[PDB]
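The next block holds one structure in the form of structure tokens; read it before the comments.
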Amino acid sequence: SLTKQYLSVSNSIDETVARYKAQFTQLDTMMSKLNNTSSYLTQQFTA
Amino acid sequence: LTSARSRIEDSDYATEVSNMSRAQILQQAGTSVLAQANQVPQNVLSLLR
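Those protein sequence lines, which keep their order, are chains U and F.
With the authors' numbering, letter number 34 in the first sequence gets 450, and the count goes up by one each step, no holes.
With the authors' numbering, letter number 26 in the second sequence gets 472, and the count goes up by one each step, no holes.
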């Protein structure tokens, strides 16, 4: 049962890492589109 | 149940943040354009002169 429990929790912690990495992949997507939006502000004040 | 609650209740940044983007972009563009409108009747007046 110990072996079973450890194996069951291993992949769980790994996919928790994956989920946080997903939140932060999209965080970087949002910083990237925010850089794109800063470039938009660039065109806007060039206006 | 916690998973179900989370999926019903939680918000996705991958959408809300770009919503904020579009909105504030529109805010700044709106400010600039609003500034522009005032010049129009100023030109009208200069013409009147």
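Where is the CB? At the ideal position from N, CA and C, for every residue including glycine.
A distance below 8 Å separates the beta carbons of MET446 of chain U and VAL463 of chain F. Between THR441 of chain U and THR453 of chain U, the alpha-carbon positions lie close to 18 Å from each other. In this structure, the beta-carbon distance from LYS449 of chain U to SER449 of chain F does not fall below 8 Å.
In the DSSP assignment, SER467 of chain F falls within the alpha helix (DSSP H) that extends over 459–494. Annotated three-state conformation of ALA434 of chain U is helix, per DSSP.
Residues of the stretch 471–492 of chain F with a C-beta atom less than 7 Å from some C-beta of chain U are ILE471, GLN474, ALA475 and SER478, listed in chain order.
Within the model, the alpha-carbon separation for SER457 of chain F versus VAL433 of chain U is close to 19 Å.
Between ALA460 of chain F and chain U, the shortest Cβ-Cβ separation is below 8 Å.
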